[PDB]
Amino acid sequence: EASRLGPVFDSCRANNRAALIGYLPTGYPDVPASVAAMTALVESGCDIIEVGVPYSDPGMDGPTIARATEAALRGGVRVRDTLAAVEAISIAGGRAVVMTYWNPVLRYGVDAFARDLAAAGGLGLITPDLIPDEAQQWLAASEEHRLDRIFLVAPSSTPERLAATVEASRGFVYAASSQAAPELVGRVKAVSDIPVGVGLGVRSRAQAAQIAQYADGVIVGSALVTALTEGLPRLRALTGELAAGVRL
């Protein structure tokens, strides 16, 4: 009937604010510490958790996240550790989605991964290297197992492709990247009501406030990894600051 993350953006729209979306890669600095940090995000006010699957060749990830996933893979992180991390988040009352590259899903099996992700309490899948043109197996798996499919749009996206990408998305649309971020959100809102998340290398409470003025959700990742690297208390404080910037 509706999307899985729909009720979360409705609760933020009634409370007149944007949703705080937090990213953390499984297995950094290790699997137990990453799960403890992801639980800390839920406690510190994160509306949605992006559980990252470390990939050996992450083309889209920046230096802070790439080096974190490299360390996690050196530590021996496995794909099943992500599903175990989603279950711990859903048990702790959180709302988690999985952001992965597509080959680990193909290796796992698209249907098998969707089924086991849903069974763990996962709500959706963010696919940075899977465009709708190749998402036949994923579209079917997203329907049967009732999972949101969060595709990515870009400033360089043509109008035809932006419409096709938005029409194919359930839950929210990841607007990834001057004045480009609000301009990209405006082009999405001109063709659909679906919520729009914005990732912009958010560091401070003020930056999350600027984005919450036009975006339905604010995506933070690199800063959270940097915070967790210093210490677990530093992550709580930063997540708390970011939890206040989205309410302005």
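From 1 onward, residues are counted along the sequence shown.
- Per the record, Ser177 and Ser178 are separated by 10 or more deposited residues that have no coordinates.
- Legend: mean Cα B-factor per stretch from the PDB entry, 38-46 versus 53-61; the higher mean is in 38-46.
- As the entry records it, the average C-alpha temperature factor is higher for 161-169, out of 161-169 and 70-78.
- Which of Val220, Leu184, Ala33, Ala190 has the largest Cα B-factor in the deposited entry comes down to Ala190.
- Ranked by C-alpha B-factor against the other modelled residues of its chain, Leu24 falls in the lowest third.
- Split the chain's modelled residues into thirds by C-alpha temperature factor. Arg95 is in the highest one.
- When all modelled residues of the chain are sorted by CA temperature factor, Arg107 is found within the lowest third.
- Annotation for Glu143: C-alpha temperature factor in the highest third relative to the rest of the modelled chain, per the entry.
- Ranked by Cα temperature factor within the chain, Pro132 sits in the middle third according to the deposited record.
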